[PDB]
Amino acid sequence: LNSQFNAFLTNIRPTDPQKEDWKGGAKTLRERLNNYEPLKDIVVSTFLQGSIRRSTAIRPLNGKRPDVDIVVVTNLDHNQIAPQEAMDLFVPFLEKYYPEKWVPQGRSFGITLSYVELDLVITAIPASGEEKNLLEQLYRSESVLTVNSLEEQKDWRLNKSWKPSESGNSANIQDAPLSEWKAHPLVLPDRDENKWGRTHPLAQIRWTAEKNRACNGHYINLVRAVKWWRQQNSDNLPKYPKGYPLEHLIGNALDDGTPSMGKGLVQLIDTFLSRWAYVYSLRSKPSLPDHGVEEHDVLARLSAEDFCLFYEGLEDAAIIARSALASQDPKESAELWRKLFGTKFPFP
């Protein structure tokens, strides 16, 4: 049935030891930053972001520690201190609590844990005064401070008053109106320069949460499936798009009301081929806006040839996928998927 996709997904998700390591690690990091006295006046919030938070991360090959992105929200005035000087403020904290285990990775700090690799970006709140104070109430809320992932909290709402269900009302509290957060993203260091850029991790999480529910929980699992395909055919595929550029392209192609993984995949693949045919013939790339900062093109760093090589790769995958979804021979159908996904996709 559709159970073959459930076993395959449990095989590509990060393992429970990694899961328990990034939950306690982020919790231990959050308490340390809040209690640390030279940073007891600056740290506003420490929360999990990224594919770990959005349940779009696949387990790495060869037992390498998965990348777990973490945001430290500060109350610093980003107009009076540059990101290097803001990251320099956390150097003593790192030496004391995470000695010989951290490293400055330019835009972010890397913390090597037992099973995971923490990726920390120091961020500041653009707002000020009573407007800043209302945003800090959101970053100190259970909505943001939750260490559970989107697959575990399908009812997740972006709201300072929202509490998670106890599986038995603050849980019924809906997403905060866009006027409170949509145009108020955080700022982080540039990948290369000593200048603040703009990021909106919460908005990306809220779009992913809404898109997941609209696709009957299949959206995050389809992103994991395609990321797995991209890793198992990496020798026939170009180095980009990978990671969030790839995930964003799947959230664009996949349509609302997805009934099954089998029907979800070919649909998003067919739509990727139909939608970008006019852009691929001109040997060009699309310009998709980010769910967080709308004035940002998620594919800004993707080369135009890179995307057209990927478009060619999806066409090769499309032949297998359509055969496997239409094949009614269980010996041929389950074999067909494994040509796309490798051995981790199991038989009936």
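Heads up: residue numbers just count along the shown sequence, starting at 1.
The stretch of deposited sequence separating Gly168 from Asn169 contains 4 to 9 residues lacking coordinates in this entry. As recorded in the PDB entry, 173 to 181 is the stretch of 173 to 181 and 134 to 142 with the greater mean C-alpha temperature factor. Checked against the record, the higher mean CA B factor of 158 to 166 and 222 to 230 lies with 158 to 166. When the C-alpha B-factors of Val43, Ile70, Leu299, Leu282 are read from the PDB record, the largest value belongs to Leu282. If you compare the C-alpha temperature factors of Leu249, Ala277, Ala209, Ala86 in the entry, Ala277 comes out highest. Per the deposited record, the Cα B-factor of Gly50 falls in the lowest third when ranked against the other modelled residues of its chain.
Among the modelled residues of the chain, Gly110 sits in the lowest third by CA temperature factor in this PDB entry. Ranked by C-alpha B-factor against the other modelled residues of its chain, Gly262 falls in the highest third. When the CA B factors of the chain's modelled residues are split into thirds, the value for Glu20 lands in the lowest one. Sort the chain's modelled residues by C-alpha temperature factor and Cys308 lands in the highest third, per the entry.
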